[PDB]
Amino acid sequence: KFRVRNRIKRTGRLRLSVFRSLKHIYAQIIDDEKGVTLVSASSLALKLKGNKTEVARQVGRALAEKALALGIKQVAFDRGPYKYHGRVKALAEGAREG
Amino acid sequence: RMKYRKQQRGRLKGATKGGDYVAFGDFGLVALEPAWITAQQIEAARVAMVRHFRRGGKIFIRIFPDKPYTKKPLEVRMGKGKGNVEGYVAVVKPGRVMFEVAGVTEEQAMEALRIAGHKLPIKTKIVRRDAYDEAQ
Amino acid sequence: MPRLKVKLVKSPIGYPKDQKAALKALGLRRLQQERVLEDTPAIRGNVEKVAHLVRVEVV
Amino acid sequence: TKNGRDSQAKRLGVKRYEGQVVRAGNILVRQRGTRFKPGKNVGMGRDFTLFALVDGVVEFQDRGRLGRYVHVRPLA
Amino acid sequence: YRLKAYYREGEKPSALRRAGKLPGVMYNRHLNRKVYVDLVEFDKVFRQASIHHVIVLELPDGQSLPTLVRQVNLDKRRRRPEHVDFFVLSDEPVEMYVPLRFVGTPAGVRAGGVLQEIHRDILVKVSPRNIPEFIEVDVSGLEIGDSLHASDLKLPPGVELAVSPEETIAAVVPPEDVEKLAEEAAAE
RNA sequence: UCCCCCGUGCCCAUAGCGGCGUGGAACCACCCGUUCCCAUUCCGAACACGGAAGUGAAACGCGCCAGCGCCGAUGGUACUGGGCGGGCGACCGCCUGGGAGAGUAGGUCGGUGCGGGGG
RNA sequence: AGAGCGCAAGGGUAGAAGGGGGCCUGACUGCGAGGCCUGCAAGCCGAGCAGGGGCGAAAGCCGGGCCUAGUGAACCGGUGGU
RNA sequence: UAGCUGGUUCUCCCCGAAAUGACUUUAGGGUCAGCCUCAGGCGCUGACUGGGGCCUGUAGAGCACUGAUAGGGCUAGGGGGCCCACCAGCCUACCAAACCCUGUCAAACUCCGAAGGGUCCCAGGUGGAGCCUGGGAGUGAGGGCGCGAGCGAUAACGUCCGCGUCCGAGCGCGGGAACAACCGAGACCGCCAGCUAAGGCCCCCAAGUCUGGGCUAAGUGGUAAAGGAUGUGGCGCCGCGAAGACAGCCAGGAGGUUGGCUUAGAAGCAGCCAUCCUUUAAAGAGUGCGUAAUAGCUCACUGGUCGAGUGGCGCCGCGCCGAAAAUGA
Ligand SMILES: [Mg+2]
Ligand SMILES: [Mg+2]
Ligand SMILES: [Mg+2]
Ligand SMILES: [Mg+2]
Ligand SMILES: [Mg+2]
Ligand SMILES: [Mg+2]
Ligand SMILES: [Mg+2]
Ligand SMILES: [Mg+2]
Ligand SMILES: [Mg+2]
Ligand SMILES: [Mg+2]
Ligand SMILES: [Mg+2]
Ligand SMILES: [Mg+2]
Ligand SMILES: [Mg+2]
Ligand SMILES: [Mg+2]
Ligand SMILES: [Mg+2]
Ligand SMILES: [Mg+2]
Ligand SMILES: [Mg+2]
Ligand SMILES: [Mg+2]
Ligand SMILES: [Mg+2]
């Protein structure tokens, strides 16, 4: 399953591969047509505490700082076979809130 | 048989795929010229083959007719021919192996295949066996 | 690219259009005509396709 | 009999070829279904028509499982 | 057996045949060389030799290679060999079609039957040293309508059937004279 | 600089069917529970949520083997731009340039980008 | 992928175009770069723009049905508006 | 009125077609397009060619889909038999789905797939090339031939499409006896010049009764097949041979056995099967003719005679039979 993924691929640039673990929640700004990650704010495998949801909000804010630094803004999010509602929600939620 | 009504004429190019090797039996019968062999020509050779040596061994007919032979009832040009008159035929090209006997002597086969040669339109040859297969 | 003497000997009458156009690109008029051209890759290909009509020479 | 019949020619297939310059909108290739997929700067319509979205050159890219893609590399 | 071979290089393939030489090539897991035998020689040699026994090729290099024809391109339009391969052996085991001498008087022939014979040879994994001229076939208890399979073969030591363990070997079919002709002509 | 992992793109089966073995502290999945977000036309099987124990069986990652799938030269043919010849015809042959399919030897239980965690 | 994709057949397709539920009406008006096809006429595709509106968090999709058949120049007249 | 037929008058000079497509109460007529020619513009863009990229599904081949398909194995089902209704089990030189193997066929089947062609870019390419605008036509029955397909009957100077060519319009010239389109060759005119092309080089008839090496004795040549035959020549293979070969010749060619069964009668010699031993230098559980059936003649075998070769097989070339028509060959 990855229909959505392919939809965004042809869309444009600066994908946001939000692969989450059962407890972790990684996030990478991969740009296709070359395959290169930019802002890769990891979660549990980075520094943050232990609270998947609230941890997601912050790790999202982590992308914002690093991203706004490199002059990026295209919010080409990547659901990555995940329903927008819980953890993945806070991801783009916090990242776009700033 | 079974498939559907009519088929094209088509030409008979090189004696390529129309040719093989003694795949069964001891002796065999090979065509020297191209031609469509009729269902009757087959039955003619077959019956004459077994009728020669009574209670004979086993006769293998490798070829097989399936091409509808078209023909018009002595008139003119309305639509395609009804065909089927002579029945069917097989794309026999030089080198091919029509008949081949087995479990029998050499004289019976030598005569029977010779006889079954006249039953066929094409000038033919009779091959023994050799050992030409495909191995090591 | 050495010189290439090419003499016409076989009348193009009865041969396909392309071949005729070939001898035009080579500039061949009447029979038994002389024509010294370079040995360039293209010029070769044309004289080749009409080799049965003309006798090539290496000068 | 009752056979003499045939819809006239639709004249499909590859229209544009690789190494060809093109304007903006040129129907690169007409097709029956998905004998060819879109690609970089290449859109399609209902009849599965392939056409440029930008200006550049046509290029073909076979990819086995995925299929045969066609795109136009922009330049000026 | 022996056979006088030679090295090829640029001799025209077709024009070669017209002279009296049969084109061919030897090779193995490491080798590869354009060769060519003689028609008349190869003929009589390969007649008995066929593709079961080994034949060493004496190259002008004095090299005696234990080769065996891995394949032959039979020419259509009146049979005749066009090309020939030559797989060179060493010591590693190698598959190949070994002969089969069916021996015995099957019960089928007694009641008036037909000598059916499927695999007149069988491919089998085997060491180069092993060169069985043939394998005994105990065909005798075979009555009409019966058959013999590969799962019932007698295998000599150091060998295995490099085939499906169920394949057929031979059978016993009936005649087909008057009873069939008379019956079939009306029943069709 | 180098090795094992998590993500994710490239080559599009030499990367798979399979049989065996390895890995758990770290990563990953399974596992506990169903109050809250949310949900199964019925089920917390999945989708979702708050997370300790246990496991590494499942699944995935890494290696080994060629029984199947897969890739498969070399040599020689079949056919054929162009030139030419023979038959009454069905057709056949020669010079030049080109040249598969099949089959045989053989090859394969993957290679490779960038970002990130650990030594 | 040998099914399904309303109906013929073909090309296509489960990395959806196929089956289900939610909301809902782009089965819009005013346009149209540049094209395929083409003797003429006709047919066919269409980015992007404006107004305005549907679904979605959003990137975005929607100018009717996976697609190629389901049709008729002109004239003469009908009905409603401008 | 005549979309029909017939006629259409002086000369020289350049170029020079069509007999296709689309629609037509249209088919032997038209309209637009295509092909011809002028006039004015544009100037390496033309035909053809070298190199590079891309597209495609034929020849061929193949059996991975769709179908056909010969033989075997395995095997669900149907039929018959052993057997009994408590309804299974077993056989089944039977019909036979599915699966495997052996082996094949296909325009509307394709795992595979050339030569080639189409197109864009780069370069040669100055030609009665090409592009643009406008005046003017005619053409819209085409035919052979070669190649690839359909229809036909793998018939037609047949027909209908494609690629190319010639006649058309080059029934001007040479060859082919004569002959629009087969081979040569593209005629501005003149010459009592020379070389050549095809095809020819004894005479009618221009040129070698030329040279070397073979094949054929049928007038093949001077052109017809399946099939048939110690016609003649050349290459390769195997058997017998001076320890005595092939043919003919001299004798024998025997017993059980009148081989078993069978049969009005088979006795090696109407029909089916089995499928030895003795003597010997040799005679086979027996080849042909005969006979109601035996008797009798014969071969292989052995020996002697005899004395140098002999038989079979395959392949290459030329030739023979097969071969009967109408005014004169
Ligand atoms: Mg015959
Ligand atoms: Mg363990
Ligand atoms: Mg191949
Ligand atoms: Mg389908
Ligand atoms: Mg859907
Ligand atoms: Mg739908
Ligand atoms: Mg138009
Ligand atoms: Mg339409
Ligand atoms: Mg707008
Ligand atoms: Mg009117
Ligand atoms: Mg007309
Ligand atoms: Mg006109
Ligand atoms: Mg074919
Ligand atoms: Mg090209
Ligand atoms: Mg013509
Ligand atoms: Mg002309
Ligand atoms: Mg003439
Ligand atoms: Mg001459
Ligand atoms: Mg005669």
# chains A, B, ... in the order shown; residues from 1 in each chain; ligands from 1

$ residues_near_ligand --ligand "ligand 3" --cutoff "12 Å" --atoms "only C-alpha atoms (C1' of nucleotides) and all ligand atoms" --output "PDB file with C-alpha atoms (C1' of nucleotides), in the first residue's frame"
ATOM      1  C1'   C F  71      19.151 -13.921 -16.781  1.00  0.00           C
ATOM      2  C1'   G F  72      21.941 -17.024 -20.886  1.00  0.00           C
ATOM      3  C1'   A F  73      27.003 -16.278 -24.513  1.00  0.00           C
ATOM      4  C1'   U F  74      30.032 -18.761 -28.377  1.00  0.00           C
ATOM      5  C1'   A F 100      17.761 -13.598 -34.556  1.00  0.00           C
ATOM      6  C1'   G F 101      14.550 -17.570 -32.204  1.00  0.00           C
ATOM      7  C1'   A F 102      15.499 -22.283 -30.302  1.00  0.00           C
ATOM      8  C1'   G F 103      19.339 -25.194 -27.859  1.00  0.00           C
ATOM      9  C1'   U F 104      24.370 -25.979 -25.330  1.00  0.00           C
TER      10        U F 104
ATOM     11  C1'   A H  61      11.087 -18.813 -34.620  1.00  0.00           C
ATOM     12  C1'   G H  62       8.434 -20.274 -30.483  1.00  0.00           C
ATOM     13  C1'   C H 111       7.544 -15.576 -23.932  1.00  0.00           C
ATOM     14  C1'   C H 112      10.712 -13.762 -28.416  1.00  0.00           C
ATOM     15  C1'   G H 113      11.923 -11.050 -32.514  1.00  0.00           C
TER      16        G H 113
END

$ residues_around --residues "segment 24-29 of chain A" --least-positions-apart "4" --cutoff "6 Å" --atoms "only C-alpha atoms (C1' of nucleotides)" --output "count of residues only"
15

$ residues_around --residues "segment 53-63 of chain G" --least-positions-apart "5" --cutoff "8 Å" --atoms "only C-alpha atoms (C1' of nucleotides)" --output "ChimeraX atom specification"
/A:8,11,75-77 /G:23-26,28

$ write_last_selection --atoms "N, CA, C and O atoms (P, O5', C5', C4', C3', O3' and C1' of nucleotides)" --output "PDB file, in the first residue's frame"
ATOM      1  N   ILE A   8       1.769  12.114  -4.641  1.00  0.00           N
ATOM      2  CA  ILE A   8       2.557  13.288  -4.290  1.00  0.00           C
ATOM      3  C   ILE A   8       3.856  13.356  -5.087  1.00  0.00           C
ATOM      4  O   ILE A   8       4.384  14.440  -5.332  1.00  0.00           O
ATOM      5  N   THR A  11       3.479  15.305  -7.936  1.00  0.00           N
ATOM      6  CA  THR A  11       2.964  16.616  -7.550  1.00  0.00           C
ATOM      7  C   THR A  11       4.014  17.720  -7.664  1.00  0.00           C
ATOM      8  O   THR A  11       3.764  18.760  -8.273  1.00  0.00           O
ATOM      9  N   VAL A  75       5.178  22.563   1.538  1.00  0.00           N
ATOM     10  CA  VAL A  75       4.665  21.571   2.476  1.00  0.00           C
ATOM     11  C   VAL A  75       4.194  20.298   1.771  1.00  0.00           C
ATOM     12  O   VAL A  75       3.047  19.884   1.926  1.00  0.00           O
ATOM     13  N   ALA A  76       5.081  19.684   0.993  1.00  0.00           N
ATOM     14  CA  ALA A  76       4.754  18.434   0.314  1.00  0.00           C
ATOM     15  C   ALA A  76       4.778  17.263   1.292  1.00  0.00           C
ATOM     16  O   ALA A  76       5.696  16.445   1.281  1.00  0.00           O
ATOM     17  N   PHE A  77       3.755  17.194   2.136  1.00  0.00           N
ATOM     18  CA  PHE A  77       3.643  16.163   3.163  1.00  0.00           C
ATOM     19  C   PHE A  77       3.565  14.761   2.561  1.00  0.00           C
ATOM     20  O   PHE A  77       3.156  14.588   1.413  1.00  0.00           O
TER      21      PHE A  77
ATOM     22  P     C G  23     -23.421  11.560   4.648  1.00  0.00           P
ATOM     23  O5'   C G  23     -22.820  12.883   3.994  1.00  0.00           O
ATOM     24  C5'   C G  23     -22.225  13.890   4.800  1.00  0.00           C
ATOM     25  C4'   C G  23     -21.330  14.793   3.989  1.00  0.00           C
ATOM     26  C3'   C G  23     -21.980  15.485   2.799  1.00  0.00           C
ATOM     27  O3'   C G  23     -22.677  16.665   3.170  1.00  0.00           O
ATOM     28  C1'   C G  23     -19.902  14.532   2.144  1.00  0.00           C
ATOM     29  P     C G  24     -24.038  17.134   2.444  1.00  0.00           P
ATOM     30  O5'   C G  24     -23.624  17.213   0.905  1.00  0.00           O
ATOM     31  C5'   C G  24     -22.698  18.198   0.468  1.00  0.00           C
ATOM     32  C4'   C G  24     -22.194  17.946  -0.933  1.00  0.00           C
ATOM     33  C3'   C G  24     -23.172  18.172  -2.078  1.00  0.00           C
ATOM     34  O3'   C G  24     -23.356  19.542  -2.391  1.00  0.00           O
ATOM     35  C1'   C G  24     -21.950  16.176  -2.451  1.00  0.00           C
ATOM     36  P     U G  25     -24.607  20.016  -3.289  1.00  0.00           P
ATOM     37  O5'   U G  25     -24.087  19.767  -4.770  1.00  0.00           O
ATOM     38  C5'   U G  25     -22.832  20.291  -5.189  1.00  0.00           C
ATOM     39  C4'   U G  25     -22.412  19.740  -6.529  1.00  0.00           C
ATOM     40  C3'   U G  25     -23.157  20.310  -7.732  1.00  0.00           C
ATOM     41  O3'   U G  25     -22.252  20.380  -8.828  1.00  0.00           O
ATOM     42  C1'   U G  25     -23.433  17.972  -7.688  1.00  0.00           C
ATOM     43  P     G G  26     -22.508  21.443  -9.996  1.00  0.00           P
ATOM     44  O5'   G G  26     -21.714  20.776 -11.199  1.00  0.00           O
ATOM     45  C5'   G G  26     -20.470  21.342 -11.591  1.00  0.00           C
ATOM     46  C4'   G G  26     -19.632  20.395 -12.412  1.00  0.00           C
ATOM     47  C3'   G G  26     -19.117  19.172 -11.663  1.00  0.00           C
ATOM     48  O3'   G G  26     -18.941  18.093 -12.582  1.00  0.00           O
ATOM     49  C1'   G G  26     -17.289  20.582 -12.256  1.00  0.00           C
ATOM     50  P     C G  28     -22.565  20.065 -16.615  1.00  0.00           P
ATOM     51  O5'   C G  28     -21.113  20.602 -16.251  1.00  0.00           O
ATOM     52  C5'   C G  28     -20.668  21.837 -16.785  1.00  0.00           C
ATOM     53  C4'   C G  28     -21.272  23.005 -16.050  1.00  0.00           C
ATOM     54  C3'   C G  28     -21.073  24.360 -16.704  1.00  0.00           C
ATOM     55  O3'   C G  28     -21.990  24.604 -17.754  1.00  0.00           O
ATOM     56  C1'   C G  28     -20.485  24.519 -14.440  1.00  0.00           C
TER      57        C G  28
END

$ atom_distance --atom1 "atom CA of residue 66 of chain B" --atom2 "atom CA of residue 4 of chain B"
10.7 Å

$ residues_near_ligand --ligand "ligand 10" --cutoff "9 Å" --atoms "only C-alpha atoms (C1' of nucleotides) and all ligand atoms" --output "list in words"
residues 74, 75 and 76 of chain G

$ interface_residues --of "chain B" --to "chain E" --cutoff "10 Å" --atoms "only C-alpha atoms" --output "JSON, numbers by chain"
{"B": [14, 15, 16, 17, 18, 19, 20, 21, 23, 24, 25, 30, 31, 32, 33, 46, 47, 49, 50, 51, 52, 53, 54, 55, 56, 57, 58, 59, 93, 94, 95, 96, 102, 103, 104, 125, 127, 130, 131, 132, 133, 134, 135, 136]}

$ residues_near_ligand --ligand "ligand 6" --cutoff "12 Å" --atoms "only C-alpha atoms (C1' of nucleotides) and all ligand atoms" --output "MDAnalysis selection string"
chainID G and resid 4:6 16:19 64:66

$ write_last_selection --atoms "N, CA and C atoms (P, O5', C5', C4', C3', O3' and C1' of nucleotides)" --output "PDB file, in the first residue's frame"
ATOM      1  P     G G   4     -15.414 -11.155 -15.661  1.00  0.00           P
ATOM      2  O5'   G G   4     -15.380  -9.760 -14.887  1.00  0.00           O
ATOM      3  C5'   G G   4     -16.056  -9.580 -13.649  1.00  0.00           C
ATOM      4  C4'   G G   4     -15.609  -8.322 -12.947  1.00  0.00           C
ATOM      5  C3'   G G   4     -15.844  -7.016 -13.694  1.00  0.00           C
ATOM      6  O3'   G G   4     -17.165  -6.522 -13.537  1.00  0.00           O
ATOM      7  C1'   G G   4     -13.627  -7.067 -12.867  1.00  0.00           C
ATOM      8  P     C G   5     -17.939  -5.816 -14.759  1.00  0.00           P
ATOM      9  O5'   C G   5     -17.034  -4.548 -15.100  1.00  0.00           O
ATOM     10  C5'   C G   5     -17.018  -3.422 -14.234  1.00  0.00           C
ATOM     11  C4'   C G   5     -15.892  -2.469 -14.557  1.00  0.00           C
ATOM     12  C3'   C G   5     -16.004  -1.679 -15.854  1.00  0.00           C
ATOM     13  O3'   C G   5     -16.834  -0.537 -15.724  1.00  0.00           O
ATOM     14  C1'   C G   5     -13.796  -2.522 -15.600  1.00  0.00           C
ATOM     15  P     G G   6     -18.199  -0.429 -16.559  1.00  0.00           P
ATOM     16  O5'   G G   6     -18.906  -1.806 -16.189  1.00  0.00           O
ATOM     17  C5'   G G   6     -19.396  -2.660 -17.209  1.00  0.00           C
ATOM     18  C4'   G G   6     -20.896  -2.779 -17.141  1.00  0.00           C
ATOM     19  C3'   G G   6     -21.574  -3.238 -18.422  1.00  0.00           C
ATOM     20  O3'   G G   6     -21.598  -4.650 -18.543  1.00  0.00           O
ATOM     21  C1'   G G   6     -22.653  -1.293 -17.605  1.00  0.00           C
ATOM     22  P     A G  16      -2.453   2.240  -7.456  1.00  0.00           P
ATOM     23  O5'   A G  16      -3.486   1.662  -8.531  1.00  0.00           O
ATOM     24  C5'   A G  16      -3.558   2.199  -9.849  1.00  0.00           C
ATOM     25  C4'   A G  16      -4.959   2.215 -10.422  1.00  0.00           C
ATOM     26  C3'   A G  16      -5.980   3.120  -9.723  1.00  0.00           C
ATOM     27  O3'   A G  16      -6.837   3.704 -10.708  1.00  0.00           O
ATOM     28  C1'   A G  16      -6.835   0.946  -9.864  1.00  0.00           C
ATOM     29  P     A G  17      -7.518   5.153 -10.495  1.00  0.00           P
ATOM     30  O5'   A G  17      -8.990   4.978 -11.086  1.00  0.00           O
ATOM     31  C5'   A G  17      -9.760   3.808 -10.825  1.00  0.00           C
ATOM     32  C4'   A G  17     -10.564   3.395 -12.034  1.00  0.00           C
ATOM     33  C3'   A G  17     -10.828   1.898 -12.157  1.00  0.00           C
ATOM     34  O3'   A G  17     -12.082   1.690 -12.804  1.00  0.00           O
ATOM     35  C1'   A G  17      -9.496   2.634 -13.984  1.00  0.00           C
ATOM     36  P     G G  18     -13.445   1.697 -11.953  1.00  0.00           P
ATOM     37  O5'   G G  18     -13.489   0.221 -11.359  1.00  0.00           O
ATOM     38  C5'   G G  18     -13.788  -0.893 -12.186  1.00  0.00           C
ATOM     39  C4'   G G  18     -13.416  -2.187 -11.510  1.00  0.00           C
ATOM     40  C3'   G G  18     -14.061  -2.427 -10.153  1.00  0.00           C
ATOM     41  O3'   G G  18     -15.368  -2.963 -10.243  1.00  0.00           O
ATOM     42  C1'   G G  18     -11.739  -2.780  -9.977  1.00  0.00           C
ATOM     43  P     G G  19     -16.620  -2.118  -9.695  1.00  0.00           P
ATOM     44  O5'   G G  19     -16.717  -2.516  -8.154  1.00  0.00           O
ATOM     45  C5'   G G  19     -17.387  -3.700  -7.744  1.00  0.00           C
ATOM     46  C4'   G G  19     -17.233  -3.951  -6.264  1.00  0.00           C
ATOM     47  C3'   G G  19     -17.768  -2.871  -5.335  1.00  0.00           C
ATOM     48  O3'   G G  19     -19.169  -2.935  -5.134  1.00  0.00           O
ATOM     49  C1'   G G  19     -15.600  -3.470  -4.653  1.00  0.00           C
ATOM     50  P     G G  64     -17.357  17.991 -19.625  1.00  0.00           P
ATOM     51  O5'   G G  64     -17.572  16.895 -18.491  1.00  0.00           O
ATOM     52  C5'   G G  64     -17.220  15.539 -18.727  1.00  0.00           C
ATOM     53  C4'   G G  64     -17.572  14.654 -17.559  1.00  0.00           C
ATOM     54  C3'   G G  64     -17.362  13.167 -17.788  1.00  0.00           C
ATOM     55  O3'   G G  64     -16.026  12.792 -17.505  1.00  0.00           O
ATOM     56  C1'   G G  64     -19.506  13.550 -16.818  1.00  0.00           C
ATOM     57  P     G G  65     -15.360  11.488 -18.157  1.00  0.00           P
ATOM     58  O5'   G G  65     -16.383  10.354 -17.728  1.00  0.00           O
ATOM     59  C5'   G G  65     -15.978   8.993 -17.702  1.00  0.00           C
ATOM     60  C4'   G G  65     -16.768   8.217 -16.682  1.00  0.00           C
ATOM     61  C3'   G G  65     -16.705   6.702 -16.843  1.00  0.00           C
ATOM     62  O3'   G G  65     -16.755   6.080 -15.560  1.00  0.00           O
ATOM     63  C1'   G G  65     -18.943   7.458 -17.162  1.00  0.00           C
ATOM     64  P     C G  66     -15.418   5.373 -15.015  1.00  0.00           P
ATOM     65  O5'   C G  66     -14.805   4.802 -16.374  1.00  0.00           O
ATOM     66  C5'   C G  66     -13.846   3.754 -16.392  1.00  0.00           C
ATOM     67  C4'   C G  66     -12.561   4.185 -17.056  1.00  0.00           C
ATOM     68  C3'   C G  66     -12.656   4.603 -18.516  1.00  0.00           C
ATOM     69  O3'   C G  66     -13.100   5.941 -18.687  1.00  0.00           O
ATOM     70  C1'   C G  66     -10.842   3.108 -18.237  1.00  0.00           C
TER      71        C G  66
END
